[PDB]
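Visitor: Sequential numbering of the first sequence, starting at 20, is according to this note's numbering. Idealized CB from N, CA, C, for every residue including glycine.
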Amino acid sequence: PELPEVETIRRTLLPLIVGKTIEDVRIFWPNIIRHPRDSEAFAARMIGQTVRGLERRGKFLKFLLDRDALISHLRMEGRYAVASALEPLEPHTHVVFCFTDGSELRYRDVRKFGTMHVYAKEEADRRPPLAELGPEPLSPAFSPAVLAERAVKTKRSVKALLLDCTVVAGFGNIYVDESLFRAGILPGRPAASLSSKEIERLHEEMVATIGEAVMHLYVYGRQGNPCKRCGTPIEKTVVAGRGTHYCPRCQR
DNA sequence: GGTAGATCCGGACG
DNA sequence: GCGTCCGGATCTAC
Ligand SMILES: [Zn+2]
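1. Any chance the region 256-266 sits against the region 187-206, with 3 or more Cβ pairs inside 8 Å?
2. Between which two residues does the alpha helix (DSSP H) carrying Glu74 extend?
3. Is DSSP giving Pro20 helix, strand or coil here?
4. Under three-state DSSP, which class holds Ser58?
5. Would you say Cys246 touches ligand 1, meaning its beta carbon is less than 6 Å from a heavy atom?
6. Can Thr263 be considered in contact with ligand 1, in the sense that its beta carbon sits closer than 6 Å to one or more heavy atoms?
7. Any heavy atom of ligand 1 closer than 6 Å to the beta-carbon of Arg71?
8. Are there 16 or more other CB atoms within 10 angstroms of the CB of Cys117, so buried, or fewer, so exposed?
9. Does the beta-carbon of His235 have 16 or more other beta-carbons within 10 angstroms, so that it is buried, or is it exposed?
10. Near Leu181, what residues of its chain come up, given a Cβ to Cβ distance below 7 Å and the 5 sequence neighbours on each side ignored?
11. Near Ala179, what residues of its chain come up, given a Cβ to Cβ distance below 6 Å and the 5 sequence neighbours on each side ignored?
12. May I ask you to report which of helix, strand or coil DSSP gives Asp120?
13. Taking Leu181 as part of the alpha helix (DSSP H), name the residues at either end of that continuous run.
14. Using the Cα positions of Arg71 and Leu83, report the straight-line distance between them to the nearest angstrom.
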């Protein structure tokens, strides 16, 4: 799930788990658990805690419990579901949080690629994976000035910069390509080559693109198809180690 | 210390 | 058809 979908999960999951008390934690693929390093300690520490809140930072979900925060990343295919402990588990279920009311929060992921970290709540923001995370794209903390400051001091491409989690939180490959198209900026442009005008326009389109999605694609996955603006075939390359989609006429 | 490379995974695919 | 690819983000090494 991309940031907008992660926000939907945050909003929808919260009422389904708030006020429930963890009775057991069952782990079927311990490598998902990144902190504490021992998955047995991860399970043990969560028992007896009640779910109090659910927040989002970039694409991370932060489950707030009594003493601890659980920080979860679903990557591309991870999913959460609340269901009865009496029913058979779905395939690829790697972690289950069992509540005292006979319901469960289940984590599933065909790719087995997601991560979970648990720390005392007051520690979570200063440890991985939240430590160093950049500002929310929809917050005033993410501004043209902030983007310009990062752009001038790097030799990297503009796409590489937007994909950097320390620059802006959880802006995915899809939104990077869509925002660059909407801004009329080539993904391989050096970040430092962008004018003040271009930085402003890029910030504007990043906010509009992600904001529209939180509340329909021009280029992403559309290689070989006509640009919706000018009819030129969309092209695909590799930029910053990612599949990269752009209109060679409209982007400069 | 900025930045590239390695790493984790398995469905899709040559 | 069995090796290659690929996404995010963090860790490791230049
Ligand atoms: Zn075009």
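Guide: Once the coordinates are examined:
1. Yes, since at least three Cβ pairs between the region 256-266 and the region 187-206 fall closer than 8 Å, the two stretches touch.
2. No alpha helix (DSSP H) holds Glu74; the beta strand (DSSP E) holding it covers 72-76.
3. coil
4. helix
5. yes
6. no
7. It does not: the Cβ of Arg71 is nowhere closer than 6 Å to a heavy atom of ligand 1.
8. buried
9. exposed
10. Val187, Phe190, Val195
11. Its chain contains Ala259 as the residues whose beta carbon lies nearer than 6 Å to that of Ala179, once the 5 sequence neighbours on both sides are disregarded; these appear in chain order.
12. Residue state for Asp120 is assigned as coil, using DSSP reduced to three classes.
13. 177-181
14. 5 Å
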